[PDB]
>>> print(open('data-v3.txt').read())   # compact mmCIF, N, CA and C atoms and all ligand atoms
# COMPACT_ATOMS: atom_id res chain seq x y z
N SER X 1 4.73 -69.95 36.21
CA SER X 1 5.85 -70.67 35.60
C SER X 1 5.72 -72.20 35.79
N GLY X 2 6.49 -72.96 35.01
CA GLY X 2 6.47 -74.41 35.08
C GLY X 2 6.82 -75.08 33.76
N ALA X 3 7.36 -76.30 33.82
CA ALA X 3 7.75 -77.01 32.59
C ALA X 3 7.59 -78.51 32.77
N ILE X 4 7.47 -79.24 31.66
CA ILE X 4 7.43 -80.70 31.64
C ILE X 4 8.78 -81.15 31.10
N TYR X 5 9.43 -82.10 31.73
CA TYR X 5 10.72 -82.61 31.28
C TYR X 5 10.58 -84.05 30.88
N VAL X 6 10.59 -84.35 29.59
CA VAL X 6 10.42 -85.75 29.13
C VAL X 6 11.51 -86.08 28.12
N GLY X 7 12.28 -87.14 28.39
CA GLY X 7 13.41 -87.52 27.55
C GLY X 7 14.40 -86.38 27.44
N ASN X 8 14.75 -86.04 26.22
CA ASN X 8 15.65 -84.92 25.99
C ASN X 8 14.90 -83.67 25.60
N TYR X 9 13.67 -83.48 26.13
CA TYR X 9 12.83 -82.34 25.82
C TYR X 9 12.33 -81.61 27.06
N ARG X 10 12.09 -80.29 26.91
CA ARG X 10 11.50 -79.43 27.94
C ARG X 10 10.29 -78.74 27.27
N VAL X 11 9.10 -78.89 27.85
CA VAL X 11 7.89 -78.28 27.28
C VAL X 11 7.48 -77.10 28.16
N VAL X 12 7.31 -75.92 27.59
CA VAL X 12 6.93 -74.73 28.35
C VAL X 12 5.81 -73.95 27.63
N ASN X 13 5.20 -72.94 28.31
CA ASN X 13 4.27 -72.04 27.63
C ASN X 13 5.14 -71.20 26.69
N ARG X 14 4.73 -71.06 25.44
CA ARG X 14 5.51 -70.29 24.46
C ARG X 14 5.78 -68.85 24.94
N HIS X 15 4.76 -68.21 25.57
CA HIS X 15 4.95 -66.83 26.05
C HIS X 15 5.93 -66.70 27.24
N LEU X 16 6.29 -67.82 27.87
CA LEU X 16 7.23 -67.81 29.00
C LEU X 16 8.60 -68.43 28.64
N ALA X 17 8.81 -68.86 27.38
CA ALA X 17 10.09 -69.46 26.99
C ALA X 17 11.25 -68.48 27.18
N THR X 18 12.40 -68.98 27.61
CA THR X 18 13.58 -68.15 27.84
C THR X 18 14.46 -68.00 26.58
N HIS X 19 15.56 -67.18 26.64
CA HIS X 19 16.51 -67.10 25.52
C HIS X 19 17.10 -68.51 25.25
N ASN X 20 17.34 -69.29 26.33
CA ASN X 20 17.87 -70.64 26.23
C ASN X 20 16.91 -71.60 25.52
N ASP X 21 15.61 -71.52 25.82
CA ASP X 21 14.61 -72.34 25.13
C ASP X 21 14.63 -72.04 23.61
N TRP X 22 14.67 -70.75 23.24
CA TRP X 22 14.65 -70.37 21.82
C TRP X 22 15.97 -70.75 21.11
N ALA X 23 17.09 -70.73 21.85
CA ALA X 23 18.38 -71.13 21.27
C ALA X 23 18.48 -72.65 21.05
N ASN X 24 17.66 -73.44 21.75
CA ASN X 24 17.63 -74.90 21.64
C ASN X 24 16.24 -75.36 21.15
N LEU X 25 15.60 -74.55 20.29
CA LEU X 25 14.24 -74.79 19.80
C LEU X 25 14.10 -76.08 19.02
N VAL X 26 13.05 -76.87 19.32
CA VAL X 26 12.71 -78.08 18.58
C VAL X 26 11.40 -77.82 17.81
N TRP X 27 10.42 -77.23 18.48
CA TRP X 27 9.10 -76.98 17.89
C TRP X 27 8.37 -75.91 18.68
N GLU X 28 7.65 -75.05 17.99
CA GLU X 28 6.80 -74.05 18.66
C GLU X 28 5.52 -73.82 17.88
N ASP X 29 4.44 -73.50 18.58
CA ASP X 29 3.16 -73.24 17.92
C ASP X 29 2.47 -72.13 18.68
N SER X 30 2.48 -70.90 18.13
CA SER X 30 1.86 -69.74 18.74
C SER X 30 0.35 -69.96 18.95
N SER X 31 -0.30 -70.70 18.04
CA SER X 31 -1.74 -70.95 18.18
C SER X 31 -2.05 -71.92 19.35
N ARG X 32 -1.06 -72.66 19.87
CA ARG X 32 -1.26 -73.54 21.04
C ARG X 32 -0.65 -72.99 22.33
N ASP X 33 0.13 -71.88 22.23
CA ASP X 33 0.89 -71.33 23.34
C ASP X 33 1.90 -72.38 23.83
N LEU X 34 2.49 -73.21 22.92
CA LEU X 34 3.48 -74.21 23.34
C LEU X 34 4.84 -73.99 22.68
N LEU X 35 5.89 -74.36 23.38
CA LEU X 35 7.24 -74.38 22.84
C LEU X 35 7.97 -75.57 23.47
N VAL X 36 8.75 -76.28 22.66
CA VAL X 36 9.55 -77.41 23.12
C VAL X 36 11.02 -77.13 22.78
N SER X 37 11.88 -77.25 23.77
CA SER X 37 13.32 -77.08 23.58
C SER X 37 14.06 -78.38 23.97
N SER X 38 15.30 -78.55 23.47
CA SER X 38 16.07 -79.75 23.79
C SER X 38 16.94 -79.55 25.01
N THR X 39 17.14 -80.62 25.79
CA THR X 39 17.94 -80.61 27.00
C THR X 39 19.04 -81.68 26.89
N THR X 40 20.11 -81.54 27.68
CA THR X 40 21.16 -82.55 27.73
C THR X 40 20.84 -83.61 28.82
N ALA X 41 20.17 -83.19 29.90
CA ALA X 41 19.82 -84.10 30.99
C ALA X 41 18.49 -84.81 30.69
N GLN X 42 18.37 -86.06 31.16
CA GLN X 42 17.17 -86.87 30.97
C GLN X 42 16.02 -86.38 31.85
N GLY X 43 14.85 -86.20 31.24
CA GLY X 43 13.66 -85.69 31.91
C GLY X 43 13.00 -86.63 32.90
N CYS X 44 12.40 -86.03 33.92
CA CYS X 44 11.75 -86.71 35.02
C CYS X 44 10.29 -87.21 34.75
N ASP X 45 9.53 -86.61 33.80
CA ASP X 45 8.10 -86.87 33.54
C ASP X 45 7.70 -87.96 32.46
N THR X 46 6.45 -88.46 32.55
CA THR X 46 5.78 -89.40 31.63
C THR X 46 4.57 -88.66 31.04
N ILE X 47 4.28 -88.80 29.72
CA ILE X 47 3.11 -88.16 29.10
C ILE X 47 1.96 -89.16 29.00
N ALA X 48 0.74 -88.73 29.34
CA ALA X 48 -0.47 -89.54 29.20
C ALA X 48 -0.83 -89.70 27.72
N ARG X 49 -1.27 -90.88 27.33
CA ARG X 49 -1.72 -91.15 25.95
C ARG X 49 -3.10 -91.73 26.20
N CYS X 50 -4.11 -90.85 26.32
CA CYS X 50 -5.44 -91.25 26.76
C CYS X 50 -6.47 -90.21 26.37
N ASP X 51 -7.75 -90.47 26.73
CA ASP X 51 -8.84 -89.53 26.50
C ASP X 51 -9.49 -89.09 27.81
N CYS X 52 -8.74 -89.11 28.93
CA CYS X 52 -9.24 -88.69 30.23
C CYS X 52 -9.79 -87.28 30.17
N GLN X 53 -10.87 -87.02 30.90
CA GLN X 53 -11.46 -85.70 31.07
C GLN X 53 -11.54 -85.31 32.55
N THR X 54 -10.82 -86.02 33.43
CA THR X 54 -10.72 -85.68 34.85
C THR X 54 -9.23 -85.80 35.20
N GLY X 55 -8.81 -84.98 36.14
CA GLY X 55 -7.41 -84.97 36.55
C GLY X 55 -7.21 -83.98 37.67
N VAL X 56 -5.94 -83.70 37.97
CA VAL X 56 -5.56 -82.79 39.06
C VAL X 56 -4.51 -81.81 38.52
N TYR X 57 -4.62 -80.51 38.85
CA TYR X 57 -3.62 -79.53 38.40
C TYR X 57 -3.01 -78.75 39.55
N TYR X 58 -1.78 -78.26 39.36
CA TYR X 58 -1.15 -77.46 40.38
C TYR X 58 -1.45 -75.97 40.13
N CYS X 59 -1.95 -75.29 41.17
CA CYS X 59 -2.28 -73.87 41.15
C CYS X 59 -1.27 -73.11 42.04
N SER X 60 -0.24 -72.50 41.43
CA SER X 60 0.79 -71.80 42.22
C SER X 60 0.27 -70.61 43.01
N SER X 61 -0.81 -69.95 42.53
CA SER X 61 -1.40 -68.80 43.26
C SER X 61 -2.20 -69.20 44.51
N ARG X 62 -2.32 -70.50 44.77
CA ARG X 62 -2.94 -71.04 45.96
C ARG X 62 -2.02 -72.05 46.67
N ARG X 63 -0.82 -72.38 46.09
CA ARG X 63 0.11 -73.40 46.60
C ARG X 63 -0.64 -74.71 46.87
N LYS X 64 -1.53 -75.07 45.96
CA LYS X 64 -2.42 -76.23 46.14
C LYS X 64 -2.66 -76.92 44.82
N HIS X 65 -3.04 -78.19 44.89
CA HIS X 65 -3.47 -78.96 43.74
C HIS X 65 -5.01 -79.05 43.83
N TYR X 66 -5.69 -78.99 42.70
CA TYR X 66 -7.15 -79.09 42.65
C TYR X 66 -7.60 -80.14 41.64
N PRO X 67 -8.62 -80.92 42.01
CA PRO X 67 -9.19 -81.87 41.04
C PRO X 67 -10.11 -81.11 40.06
N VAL X 68 -10.11 -81.49 38.78
CA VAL X 68 -10.93 -80.82 37.78
C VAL X 68 -11.52 -81.78 36.77
N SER X 69 -12.66 -81.37 36.18
CA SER X 69 -13.30 -82.03 35.05
C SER X 69 -13.04 -81.05 33.89
N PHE X 70 -12.44 -81.53 32.80
CA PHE X 70 -12.05 -80.61 31.73
C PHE X 70 -12.60 -81.04 30.37
N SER X 71 -12.86 -80.06 29.50
CA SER X 71 -13.37 -80.32 28.15
C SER X 71 -12.30 -80.94 27.23
N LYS X 72 -12.72 -81.52 26.08
CA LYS X 72 -11.80 -82.12 25.12
C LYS X 72 -10.98 -81.01 24.42
N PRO X 73 -9.75 -81.31 23.96
CA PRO X 73 -8.94 -80.28 23.27
C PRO X 73 -9.69 -79.66 22.09
N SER X 74 -9.76 -78.32 22.06
CA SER X 74 -10.53 -77.65 21.03
C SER X 74 -10.05 -76.21 20.76
N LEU X 75 -10.64 -75.55 19.72
CA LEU X 75 -10.34 -74.17 19.29
C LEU X 75 -11.21 -73.24 20.14
N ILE X 76 -10.60 -72.46 21.01
CA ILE X 76 -11.34 -71.58 21.91
C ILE X 76 -10.87 -70.14 21.76
N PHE X 77 -11.81 -69.16 21.74
CA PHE X 77 -11.45 -67.76 21.66
C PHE X 77 -10.79 -67.29 22.97
N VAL X 78 -9.62 -66.63 22.88
CA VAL X 78 -8.90 -66.13 24.05
C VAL X 78 -8.69 -64.64 23.85
N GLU X 79 -9.07 -63.84 24.84
CA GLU X 79 -8.94 -62.39 24.82
C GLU X 79 -7.49 -61.93 24.70
N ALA X 80 -7.29 -60.69 24.22
CA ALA X 80 -5.95 -60.14 24.08
C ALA X 80 -5.28 -60.02 25.45
N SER X 81 -3.96 -60.26 25.49
CA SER X 81 -3.13 -60.12 26.69
C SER X 81 -1.87 -59.32 26.31
N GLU X 82 -0.95 -59.11 27.26
CA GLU X 82 0.33 -58.48 26.93
C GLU X 82 1.20 -59.38 26.02
N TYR X 83 0.84 -60.67 25.86
CA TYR X 83 1.63 -61.62 25.10
C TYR X 83 1.06 -61.96 23.74
N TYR X 84 -0.25 -61.85 23.56
CA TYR X 84 -0.88 -62.17 22.29
C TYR X 84 -2.01 -61.22 21.95
N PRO X 85 -2.28 -61.02 20.64
CA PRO X 85 -3.53 -60.32 20.27
C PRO X 85 -4.73 -61.27 20.53
N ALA X 86 -5.97 -60.76 20.42
CA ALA X 86 -7.15 -61.63 20.58
C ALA X 86 -7.11 -62.69 19.44
N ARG X 87 -7.30 -63.97 19.77
CA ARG X 87 -7.19 -65.03 18.77
C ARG X 87 -7.88 -66.32 19.21
N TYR X 88 -7.98 -67.34 18.32
CA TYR X 88 -8.46 -68.66 18.73
C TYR X 88 -7.21 -69.48 19.08
N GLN X 89 -7.17 -70.05 20.28
CA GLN X 89 -6.07 -70.91 20.70
C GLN X 89 -6.55 -72.35 20.49
N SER X 90 -5.77 -73.18 19.80
CA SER X 90 -6.16 -74.56 19.53
C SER X 90 -5.63 -75.53 20.60
N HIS X 91 -6.17 -76.77 20.61
CA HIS X 91 -5.78 -77.84 21.52
C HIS X 91 -5.90 -77.38 22.99
N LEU X 92 -6.89 -76.51 23.29
CA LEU X 92 -7.09 -75.97 24.63
C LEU X 92 -8.26 -76.70 25.31
N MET X 93 -8.15 -76.95 26.62
CA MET X 93 -9.19 -77.65 27.39
C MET X 93 -9.59 -76.78 28.55
N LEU X 94 -10.89 -76.50 28.73
CA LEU X 94 -11.31 -75.63 29.82
C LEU X 94 -11.88 -76.41 30.99
N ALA X 95 -11.77 -75.81 32.16
CA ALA X 95 -12.32 -76.37 33.39
C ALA X 95 -12.66 -75.20 34.33
N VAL X 96 -13.53 -75.46 35.29
CA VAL X 96 -13.86 -74.48 36.32
C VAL X 96 -12.79 -74.63 37.42
N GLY X 97 -12.17 -73.54 37.80
CA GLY X 97 -11.12 -73.54 38.81
C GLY X 97 -10.37 -72.22 38.84
N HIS X 98 -9.60 -72.00 39.91
CA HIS X 98 -8.85 -70.77 40.06
C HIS X 98 -7.58 -70.74 39.23
N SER X 99 -7.35 -69.61 38.55
CA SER X 99 -6.11 -69.40 37.81
C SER X 99 -5.92 -67.91 37.59
N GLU X 100 -4.71 -67.48 37.76
CA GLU X 100 -4.22 -66.12 37.58
C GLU X 100 -3.05 -66.20 36.58
N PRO X 101 -2.70 -65.10 35.87
CA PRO X 101 -1.63 -65.20 34.85
C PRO X 101 -0.35 -65.97 35.23
N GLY X 102 0.16 -65.72 36.44
CA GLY X 102 1.36 -66.38 36.95
C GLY X 102 1.22 -67.89 37.11
N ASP X 103 -0.01 -68.43 37.01
CA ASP X 103 -0.25 -69.87 37.15
C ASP X 103 0.11 -70.68 35.90
N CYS X 104 0.39 -70.02 34.77
CA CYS X 104 0.75 -70.72 33.52
C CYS X 104 1.99 -71.60 33.74
N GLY X 105 1.95 -72.83 33.27
CA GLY X 105 3.05 -73.76 33.48
C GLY X 105 2.75 -74.82 34.52
N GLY X 106 1.70 -74.61 35.34
CA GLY X 106 1.29 -75.62 36.32
C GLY X 106 0.81 -76.87 35.58
N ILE X 107 1.23 -78.06 36.02
CA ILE X 107 0.92 -79.28 35.32
C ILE X 107 -0.44 -79.84 35.66
N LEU X 108 -1.13 -80.38 34.65
CA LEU X 108 -2.38 -81.10 34.84
C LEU X 108 -2.04 -82.59 34.57
N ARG X 109 -2.38 -83.47 35.50
CA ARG X 109 -2.08 -84.90 35.43
C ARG X 109 -3.35 -85.74 35.61
N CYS X 110 -3.41 -86.90 34.94
CA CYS X 110 -4.46 -87.90 35.19
C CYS X 110 -3.71 -89.17 35.72
N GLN X 111 -4.40 -90.31 35.87
CA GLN X 111 -3.74 -91.54 36.33
C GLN X 111 -2.68 -92.05 35.34
N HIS X 112 -2.71 -91.60 34.07
CA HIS X 112 -1.77 -92.06 33.05
C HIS X 112 -0.52 -91.20 32.88
N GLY X 113 -0.49 -90.01 33.49
CA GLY X 113 0.65 -89.13 33.35
C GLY X 113 0.27 -87.69 33.08
N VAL X 114 1.23 -86.92 32.55
CA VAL X 114 1.03 -85.52 32.24
C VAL X 114 0.08 -85.35 31.06
N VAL X 115 -0.98 -84.56 31.26
CA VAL X 115 -1.98 -84.28 30.25
C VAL X 115 -1.64 -82.94 29.53
N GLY X 116 -1.30 -81.91 30.30
CA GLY X 116 -1.01 -80.60 29.73
C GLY X 116 -0.56 -79.57 30.75
N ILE X 117 -0.47 -78.29 30.35
CA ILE X 117 -0.06 -77.24 31.28
C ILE X 117 -1.06 -76.09 31.28
N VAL X 118 -1.17 -75.38 32.41
CA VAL X 118 -2.02 -74.19 32.49
C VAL X 118 -1.57 -73.15 31.44
N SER X 119 -2.53 -72.58 30.70
CA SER X 119 -2.23 -71.61 29.66
C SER X 119 -3.17 -70.42 29.69
N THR X 120 -4.45 -70.61 30.10
CA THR X 120 -5.40 -69.49 30.15
C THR X 120 -6.20 -69.48 31.48
N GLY X 121 -7.00 -68.44 31.72
CA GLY X 121 -7.81 -68.40 32.92
C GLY X 121 -8.62 -67.14 33.10
N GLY X 122 -9.00 -66.90 34.34
CA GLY X 122 -9.80 -65.76 34.74
C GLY X 122 -11.26 -66.15 34.91
N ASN X 123 -12.00 -65.39 35.72
CA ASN X 123 -13.45 -65.57 35.94
C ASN X 123 -13.85 -66.91 36.53
N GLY X 124 -12.96 -67.53 37.28
CA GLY X 124 -13.23 -68.85 37.84
C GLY X 124 -13.05 -69.97 36.82
N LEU X 125 -12.37 -69.70 35.68
CA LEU X 125 -12.03 -70.72 34.69
C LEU X 125 -10.50 -70.92 34.66
N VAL X 126 -10.06 -72.10 34.19
CA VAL X 126 -8.66 -72.41 33.97
C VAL X 126 -8.58 -73.22 32.66
N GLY X 127 -7.70 -72.82 31.74
CA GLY X 127 -7.49 -73.51 30.47
C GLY X 127 -6.14 -74.19 30.41
N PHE X 128 -6.08 -75.40 29.86
CA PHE X 128 -4.85 -76.18 29.78
C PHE X 128 -4.50 -76.45 28.32
N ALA X 129 -3.23 -76.24 27.97
CA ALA X 129 -2.70 -76.57 26.66
C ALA X 129 -2.42 -78.10 26.68
N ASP X 130 -3.11 -78.87 25.85
CA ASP X 130 -2.93 -80.32 25.78
C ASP X 130 -1.58 -80.69 25.15
N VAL X 131 -0.95 -81.76 25.67
CA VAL X 131 0.29 -82.26 25.06
C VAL X 131 0.18 -83.76 24.66
N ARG X 132 -0.97 -84.40 24.91
CA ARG X 132 -1.17 -85.84 24.67
C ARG X 132 -1.06 -86.26 23.23
N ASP X 133 -1.29 -85.34 22.28
CA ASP X 133 -1.16 -85.67 20.86
C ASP X 133 0.27 -85.61 20.34
N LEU X 134 1.21 -85.04 21.12
CA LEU X 134 2.60 -84.88 20.70
C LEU X 134 3.35 -86.21 20.93
N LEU X 135 3.12 -87.20 20.05
CA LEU X 135 3.70 -88.54 20.24
C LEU X 135 5.22 -88.58 20.18
N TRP X 136 5.83 -87.69 19.37
CA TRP X 136 7.28 -87.61 19.23
C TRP X 136 8.01 -87.24 20.53
N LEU X 137 7.29 -86.71 21.55
CA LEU X 137 7.92 -86.38 22.83
C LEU X 137 8.53 -87.64 23.49
N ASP X 138 7.92 -88.82 23.26
CA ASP X 138 8.29 -90.15 23.78
C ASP X 138 9.43 -90.83 23.03
N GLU X 139 9.97 -90.20 21.99
CA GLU X 139 11.05 -90.79 21.21
C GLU X 139 12.11 -89.72 20.92
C1 LIG X 201 -3.82 -69.00 34.03
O1 LIG X 201 -3.56 -68.12 32.94
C2 LIG X 201 -4.21 -66.92 32.90
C3 LIG X 201 -5.10 -66.39 33.82
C4 LIG X 201 -5.70 -65.18 33.56
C5 LIG X 201 -5.41 -64.49 32.39
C6 LIG X 201 -4.51 -65.01 31.46
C7 LIG X 201 -4.23 -64.29 30.17
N1 LIG X 201 -3.08 -64.83 29.43
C8 LIG X 201 -3.46 -65.69 28.30
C9 LIG X 201 -2.30 -66.56 27.81
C10 LIG X 201 -2.67 -67.20 26.48
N2 LIG X 201 -2.55 -68.52 26.41
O2 LIG X 201 -3.05 -66.52 25.53
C11 LIG X 201 -1.07 -65.65 27.64
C12 LIG X 201 -0.67 -64.97 28.96
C13 LIG X 201 -1.83 -64.43 29.76
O3 LIG X 201 -1.63 -63.65 30.68
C14 LIG X 201 -3.90 -66.23 31.74
ZN ZN X 202 -5.47 -90.40 31.38
>>> encode(input="data-v3.txt", output="structure tokens", more="lines below")
Ligand SMILES: COc1cccc(CN2C[C@@H](C(N)=O)CCC2=O)c1
Ligand SMILES: [Zn+2]
Amino acid sequence: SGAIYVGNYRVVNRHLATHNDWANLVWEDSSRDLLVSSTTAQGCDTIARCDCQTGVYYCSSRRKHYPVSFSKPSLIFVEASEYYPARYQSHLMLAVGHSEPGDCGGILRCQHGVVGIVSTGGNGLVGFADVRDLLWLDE
């Protein structure tokens, strides 16, 4: 679990969104595993607007943060799960690191701010859903 709070928005993994997120829906994209809902309280986070390929992410299954080198946002094949059929997930960035299903929502940050959230994993890999292209989050 985990979310990004920026301005009047809350960003979560689409497969983990609550009834409240869907009742206050702003935007969702099943192909990115992202959903954005509106909030009344002002958000605590800043979004990175950069091309960084190194950063640090929170791994809840280890209660630790890990430094990672990650690929550029791209279309990657993701195996079927209880939440989606087998499909290509877009705007996904891969890195070597520990991740288990419950780790989705952990934030990945660089020196400029929030880069994305954990969305995929297994086999010593961790995938992050990028949010840096969502410029409207800042307004
Ligand atoms: C860290 O996330 C992991 C780790 C191992 C396995 C998985 C598998 N999986 C893929 C997610 C997707 N973005 O399609 C949906 C939910 C899910 O359990 C995730
Ligand atoms: Zn950066």
>>> residues_around(input="data-v3.txt", residues="segment 17-22 of chain X", least_positions_apart="3", cutoff="7 Å", atoms="only N, CA and C atoms", output="PDB file with N, CA and C atoms, in the coordinates of the input")
ATOM      1  N   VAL X  12       7.310 -75.920  27.590  1.00  0.00           N
ATOM      2  CA  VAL X  12       6.930 -74.730  28.350  1.00  0.00           C
ATOM      3  C   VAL X  12       5.810 -73.950  27.630  1.00  0.00           C
ATOM      4  N   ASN X  13       5.200 -72.940  28.310  1.00  0.00           N
ATOM      5  CA  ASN X  13       4.270 -72.040  27.630  1.00  0.00           C
ATOM      6  C   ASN X  13       5.140 -71.200  26.690  1.00  0.00           C
ATOM      7  N   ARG X  14       4.730 -71.060  25.440  1.00  0.00           N
ATOM      8  CA  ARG X  14       5.510 -70.290  24.460  1.00  0.00           C
ATOM      9  C   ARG X  14       5.780 -68.850  24.940  1.00  0.00           C
ATOM     10  N   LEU X  25      15.600 -74.550  20.290  1.00  0.00           N
ATOM     11  CA  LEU X  25      14.240 -74.790  19.800  1.00  0.00           C
ATOM     12  C   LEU X  25      14.100 -76.080  19.020  1.00  0.00           C
ATOM     13  N   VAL X  26      13.050 -76.870  19.320  1.00  0.00           N
ATOM     14  CA  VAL X  26      12.710 -78.080  18.580  1.00  0.00           C
ATOM     15  C   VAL X  26      11.400 -77.820  17.810  1.00  0.00           C
ATOM     16  N   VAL X  36       8.750 -76.280  22.660  1.00  0.00           N
ATOM     17  CA  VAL X  36       9.550 -77.410  23.120  1.00  0.00           C
ATOM     18  C   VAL X  36      11.020 -77.130  22.780  1.00  0.00           C
ATOM     19  N   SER X  37      11.880 -77.250  23.770  1.00  0.00           N
ATOM     20  CA  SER X  37      13.320 -77.080  23.580  1.00  0.00           C
ATOM     21  C   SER X  37      14.060 -78.380  23.970  1.00  0.00           C
ATOM     22  N   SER X  38      15.300 -78.550  23.470  1.00  0.00           N
ATOM     23  CA  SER X  38      16.070 -79.750  23.790  1.00  0.00           C
ATOM     24  C   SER X  38      16.940 -79.550  25.010  1.00  0.00           C
TER      25      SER X  38
END
>>> select_by_dssp(input="data-v3.txt", residues="segment 43-139 of chain X", states="helix (DSSP H, G or I)", output="mmCIF file with N, CA and C atoms, in the frame of the given file")
data_model
loop_
_atom_site.group_PDB
_atom_site.id
_atom_site.type_symbol
_atom_site.label_atom_id
_atom_site.label_comp_id
_atom_site.auth_asym_id
_atom_site.auth_seq_id
_atom_site.Cartn_x
_atom_site.Cartn_y
_atom_site.Cartn_z
ATOM 1 N N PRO X 101 -2.700 -65.100 35.870
ATOM 2 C CA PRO X 101 -1.630 -65.200 34.850
ATOM 3 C C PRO X 101 -0.350 -65.970 35.230
ATOM 4 N N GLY X 102 0.160 -65.720 36.440
ATOM 5 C CA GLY X 102 1.360 -66.380 36.950
ATOM 6 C C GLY X 102 1.220 -67.890 37.110
ATOM 7 N N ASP X 103 -0.010 -68.430 37.010
ATOM 8 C CA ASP X 103 -0.250 -69.870 37.150
ATOM 9 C C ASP X 103 0.110 -70.680 35.900
ATOM 10 N N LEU X 135 3.120 -87.200 20.050
ATOM 11 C CA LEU X 135 3.700 -88.540 20.240
ATOM 12 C C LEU X 135 5.220 -88.580 20.180
ATOM 13 N N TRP X 136 5.830 -87.690 19.370
ATOM 14 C CA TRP X 136 7.280 -87.610 19.230
ATOM 15 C C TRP X 136 8.010 -87.240 20.530
ATOM 16 N N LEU X 137 7.290 -86.710 21.550
ATOM 17 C CA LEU X 137 7.920 -86.380 22.830
ATOM 18 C C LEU X 137 8.530 -87.640 23.490
ATOM 19 N N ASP X 138 7.920 -88.820 23.260
ATOM 20 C CA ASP X 138 8.290 -90.150 23.780
ATOM 21 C C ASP X 138 9.430 -90.830 23.030
#
>>> residues_near_ligand(input="data-v3.txt", ligand="ligand LIG 201 (chain X)", cutoff="7 Å", atoms="all atoms listed in the file", output="list in words")
residues 15, 32, 33, 78, 79, 80, 81, 82, 83, 84, 98, 99, 100, 101, 102, 103, 104, 105, 118, 119, 120, 121, 122, 123, 125, 126 and 127 of chain X
>>> residues_around(input="data-v3.txt", residues="residue 135 of chain X", least_positions_apart="3", cutoff="12 Å", atoms="only C-alpha atoms", output="list in words")
residues 6, 46, 47, 48, 49, 50, 130, 131, 132, 138 and 139 of chain X
>>> closest_residue(input="data-v3.txt", among="X:91, X:10, X:109, X:65", to="residue 43 of chain X", atoms="only N, CA and C atoms")
X:10
>>> residues_near_ligand(input="data-v3.txt", ligand="ligand ZN 202 (chain X)", cutoff="8 Å", atoms="only C-alpha atoms and all ligand atoms", output="tab-separated table (two decimals) with N, CA and C atoms, in the coordinates of the input")
chain	number	residue	atom	x	y	z
X	48	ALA	N	0.74	-88.73	29.34
X	48	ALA	CA	-0.47	-89.54	29.20
X	48	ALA	C	-0.83	-89.70	27.72
X	49	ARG	N	-1.27	-90.88	27.33
X	49	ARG	CA	-1.72	-91.15	25.95
X	49	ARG	C	-3.10	-91.73	26.20
X	50	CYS	N	-4.11	-90.85	26.32
X	50	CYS	CA	-5.44	-91.25	26.76
X	50	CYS	C	-6.47	-90.21	26.37
X	51	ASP	N	-7.75	-90.47	26.73
X	51	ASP	CA	-8.84	-89.53	26.50
X	51	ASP	C	-9.49	-89.09	27.81
X	52	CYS	N	-8.74	-89.11	28.93
X	52	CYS	CA	-9.24	-88.69	30.23
X	52	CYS	C	-9.79	-87.28	30.17
X	53	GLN	N	-10.87	-87.02	30.90
X	53	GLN	CA	-11.46	-85.70	31.07
X	53	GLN	C	-11.54	-85.31	32.55
X	54	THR	N	-10.82	-86.02	33.43
X	54	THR	CA	-10.72	-85.68	34.85
X	54	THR	C	-9.23	-85.80	35.20
X	55	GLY	N	-8.81	-84.98	36.14
X	55	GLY	CA	-7.41	-84.97	36.55
X	55	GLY	C	-7.21	-83.98	37.67
X	109	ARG	N	-2.38	-83.47	35.50
X	109	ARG	CA	-2.08	-84.90	35.43
X	109	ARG	C	-3.35	-85.74	35.61
X	110	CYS	N	-3.41	-86.90	34.94
X	110	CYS	CA	-4.46	-87.90	35.19
X	110	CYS	C	-3.71	-89.17	35.72
X	111	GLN	N	-4.40	-90.31	35.87
X	111	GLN	CA	-3.74	-91.54	36.33
X	111	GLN	C	-2.68	-92.05	35.34
X	112	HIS	N	-2.71	-91.60	34.07
X	112	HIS	CA	-1.77	-92.06	33.05
X	112	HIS	C	-0.52	-91.20	32.88
X	113	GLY	N	-0.49	-90.01	33.49
X	113	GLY	CA	0.65	-89.13	33.35
X	113	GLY	C	0.27	-87.69	33.08
X	115	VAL	N	-0.98	-84.56	31.26
X	115	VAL	CA	-1.98	-84.28	30.25
X	115	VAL	C	-1.64	-82.94	29.53
>>> select_by_dssp(input="data-v3.txt", residues="segment 37-120 of chain X", states="strand (DSSP E or B)", output="MDAnalysis selection string")
chainID X and resid 37:38 47 54:59 64:69 74:78 87:96 107:110 113:120
>>> atom_distance(input="data-v3.txt", atom1="atom C of residue 72 of chain X", atom2="atom C of residue 9 of chain X")
23.5 Å
>>> atom_distance(input="data-v3.txt", atom1="atom CA of residue 73 of chain X", atom2="atom CA of residue 45 of chain X")
21.0 Å
>>> closest_residue(input="data-v3.txt", among="X:71, X:4, X:57, X:85", to="residue 34 of chain X", atoms="only C-alpha atoms")
X:4
>>> closest_residue(input="data-v3.txt", among="X:16, X:75, X:86, X:108", to="residue 35 of chain X", atoms="all atoms listed in the file")
X:16
>>> atom_distance(input="data-v3.txt", atom1="atom CA of residue 106 of chain X", atom2="atom CA of residue 1 of chain X")
6.8 Å
>>> closest_residue(input="data-v3.txt", among="X:5, X:27, X:128, X:58", to="residue 90 of chain X", atoms="all atoms listed in the file")
X:128
>>> closest_residue(input="data-v3.txt", among="X:76, X:44, X:56, X:114", to="residue 134 of chain X", atoms="only C-alpha atoms")
X:114
